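Asks: dropping in the first section of the assembly, placed as in the complex:
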Amino acid sequence: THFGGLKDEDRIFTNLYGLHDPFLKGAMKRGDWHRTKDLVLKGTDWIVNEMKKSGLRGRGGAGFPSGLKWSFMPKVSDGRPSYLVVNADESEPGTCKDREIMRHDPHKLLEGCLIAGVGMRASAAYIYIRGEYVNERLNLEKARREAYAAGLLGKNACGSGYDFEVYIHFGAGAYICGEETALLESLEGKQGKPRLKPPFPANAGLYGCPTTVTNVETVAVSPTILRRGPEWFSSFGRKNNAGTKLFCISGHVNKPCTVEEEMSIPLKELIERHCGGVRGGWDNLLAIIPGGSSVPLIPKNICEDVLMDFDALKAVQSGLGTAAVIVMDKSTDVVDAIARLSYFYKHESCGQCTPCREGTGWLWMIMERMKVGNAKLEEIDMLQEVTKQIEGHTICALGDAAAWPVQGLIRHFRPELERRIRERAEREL
């Protein structure tokens, strides 16, 4: 078909821009907490089944099919109280879609905590707010106190027979702590250092108890996915990728904004319609980082007709992460921008594993050389090889997230890197 058009009655995250009251008496008017008693009474298997049928995929960088992820949790509880850590923490460069759910309609996030908790047989939800979101977690603790006073959460899930309580943890400025296997530890009290995957969080995660880490957007669309139609949700986007992603058009657009819109939308259509347009017209575009910062670039010659869905952006030698589209026009120093991205991945890399801990400082040094031109024309093949040495070997996908920006920069703008290097050469002598 032809995607992109989402009508104001189809946007799931109403009160995104905080125009209306976020808390109760303002959330019940937006349908929040509408009839969750019935949903909880409809059971856990029905919730998982409707989430799988709705084809909701991971709103976070992983892109995993939710629901199927929620079916990983154990059915019969063997004494370990299954938890539900909500990955409120983002810290991905470009990504504010979580910041508009923690505040500005947080009750959708709390009701999603509850509905996913009954969905995955959980017993408590730890909304891991990003550390810097102080005002956001204050709004969320206000809404949590409300949903506790209104009998929604705690010792009876919205009057139902489900004991489910939402506790609000908050980290402290660490993009690495945001990872699924590192959220469990940074919340366990230890450092935010990921654990290896052979113990999966669904098998032994938080406190060793089973758990599933869900981004706020996936857990927060869960309520309206169930209350509305799972067929209605899956009616958006392409076949596999389906839903209404919450985008964040980040930089070098004349009107930067985060706006919810149907997935599989043409990136050019999103840019030209909602956020205005690439500063100086579309012909001024240089590159676009379509996902968060954990995704390769798009050099504007494959950015005209690319759709903002997981599958197509993966097929374009890139990825749709948090869909925090970062736009860069012909006026920016794209090598300097990717150098600052690699500096970010050097800073926010908990250093647990050698391929990332060291090679990311290495990528930052090579990028801060190539952005001046101090390198040699064969280093652009070392940089590719260094990134491919980091990629598959790191404990978590941060190694990926640090090798992918530089890999995409090389793959696409190798002419510009080579030009800077040759210009440095001719500047000498």
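Replies: Yep, it's here. Residues are numbered from 1 along each chain as shown, chains lettered A, B, ... in the order given.
Asks: CA atoms for contacts and neighbours, from now on please.
Replies: OK.
Asks: give the other helices and strands that the lengthiest helix in chain A contacts.
Replies: Under DSSP state H, the helix in chain A containing the largest number of residues is helix A:398-427. In this structure, helix A:398-427 makes packing contacts with helix A:334-347, helix A:354-370, helix A:379-391, judged by 3 or more C-alpha pairs under 8 Å, 6 or more residues apart in numbering; DSSP states H and E.
Asks: could you dump those into a markdown table with distance to residue A:160 added?
Replies: Converted to a markdown table, the helices and strands packed on helix A:398-427 look like this (distance: least, C-alpha to C-alpha, whole Å):
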| stretch | distance to residue A:160 |
| --- | --- |
| helix A:334-347 | 45 |
| helix A:354-370 | 47 |
| helix A:379-391 | 47 |
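Asks: residue A:63: which of these is closest?
Replies: Among the helices and strands packed on helix A:398-427, helix A:379-391 comes nearest to residue A:63, with 17.9 Å by C-alpha to C-alpha.
Asks: in that closest one, what counts as buried?
Replies: Neighbour-count burial for helix A:379-391 flags A:380, A:383-384, A:386-391 (criterion: 16 or more other C-alpha atoms under 10 Å).
Asks: got the angle between the longest helix of chain A and helix A:354-370?
Replies: 30 degrees (axes from the mean of the first three to the mean of the last three C-alpha atoms, to 10 degrees).
Asks: pull out the buried positions in helix A:398-427.
Replies: Buried residues in helix A:398-427 (16+ other C-alpha under 10 Å): A:398-414, A:416-418, A:420-422, A:424.
Asks: check stretch A:7-21 too.
Replies: Residues of stretch A:7-21 classed as buried: A:10-16, A:20 (neighbour count, 16+ other C-alpha under 10 Å).
Asks: need the residues that contact that stretch.
Replies: Stretch A:7-21 is contacted by residues A:22, A:26-27, A:30, A:100-101, A:103-105, A:221, A:224, A:244, A:260-261 when judged by C-alpha atoms under 8 Å, 6 or more residues apart in numbering.
Asks: apply 6 Å and report the result again.
Replies: With contact meaning C-alpha atoms under 6 Å, 6 or more residues apart in numbering, stretch A:7-21 is reached by A:100, A:104.
Asks: how far does it sit from the chain's center?
Replies: Relative to the chain's own centre, stretch A:7-21 is displaced by 20 Å; criterion: C-alpha atoms, centre = their mean, to the nearest Å.
Asks: before we move on, what about stretch A:297-306?
Replies: On C-alpha atoms, centre = their mean, the centre of stretch A:297-306 falls 21 Å from that of its chain.
Asks: can you slot in chain B too:
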Amino acid sequence: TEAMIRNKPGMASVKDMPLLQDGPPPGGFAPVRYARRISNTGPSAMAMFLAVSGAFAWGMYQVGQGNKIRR
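Replies: Chain B now in position relative to the chains above:
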């Protein structure tokens, strides 16, 4: 390393490294002789016998004349 040991300011690339080491000059060295050039330009078989025999004929005539003078 090995691009920070052989600098050659500029060079834009890992090739074109200085690479100045010992070797023959452009065009090689001169053609060096190895054969045995032993010049046989001496007195021949004759001219050596005829120098000797000329002496043991005139010089012996002189010995004779000296014997005549001494006698």
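Asks: once more on the buried residues of helix A:398-427, this time with chain B?
Replies: Within helix A:398-427, the residues that count as buried by 16 or more other C-alpha atoms under 10 Å in any protein chain shown are A:398-414, A:416-418, A:420-425.
Asks: what about it and chain B, any contact?
Replies: Yes: against chain B, helix A:398-427 shows contacts by C-alpha under 6 Å from any C-alpha of the partner chain at A:422, A:425.
Asks: that helix vs helix A:379-391, what angle?
Replies: Using the same axes, to 10 degrees, the inter-axis angle of helix A:398-427 relative to helix A:379-391 is 170 degrees.
Asks: please tell me how far residue A:178 sits from chain B.
Replies: Residue A:178 sits 37 Å away from chain B, going by C-alpha to the nearest C-alpha, to the nearest Å.
Asks: oh sorry, the question was meant for residue A:173
Replies: 37 Å.
Asks: cool, residue A:331 as well?
Replies: Counting by C-alpha to the nearest C-alpha, the separation of residue A:331 from chain B is 26 Å.
Asks: what of residue A:54?
Replies: 54 Å.
Asks: surely that residue is in contact with residue A:230?
Replies: Yes: taking contacts as C-alpha atoms under 6 Å, residue A:54 lies within contact range of residue A:230: 4.2 Å.
Asks: which of these two has more neighbours?
Replies: residue A:54 (25 against 21; other C-alpha atoms under 10 Å in any protein chain shown).
Asks: ok, the more buried one - contacts?
Replies: A:230, A:233-234 (C-alpha atoms under 6 Å, 6 or more residues apart in numbering or on different chains).
Asks: restricted to helices, list those residues.
Replies: Counted as lying in helices by DSSP H, out of these, are A:230, A:233-234.
Asks: and the stretch 251-400 of chain A, which residues reach chain B?
Replies: By the rule C-alpha under 6 Å from any C-alpha, the part of the stretch 251-400 of chain A lying against chain B is A:376-377.
Asks: could you dump the contacts of residue A:54 to JSON lines with distance to residue B:49?
Replies: Below are those laid out as JSON lines (distance: C-alpha to C-alpha, whole Å):
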{"residue": "A:230", "distance to residue B:49": "131"}
{"residue": "A:233", "distance to residue B:49": "128"}
{"residue": "A:234", "distance to residue B:49": "126"}
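Asks: if we take those residues, which one ends up nearest to residue A:88?
Replies: Distance to residue A:88 across the contacts of residue A:54 (C-alpha to C-alpha) is lowest for residue A:233, with 22.4 Å.
Asks: count of neighbours near the nearest residue to that closest one once chain neighbours are set aside?
Replies: Leaving aside its chain neighbours, residue A:233 sits nearest to residue A:243 (5.4 Å; criterion: C-alpha to C-alpha, 6 or more residues apart in numbering or on different chains). For residue A:243, the neighbour count with other C-alpha under 10 Å is 27.
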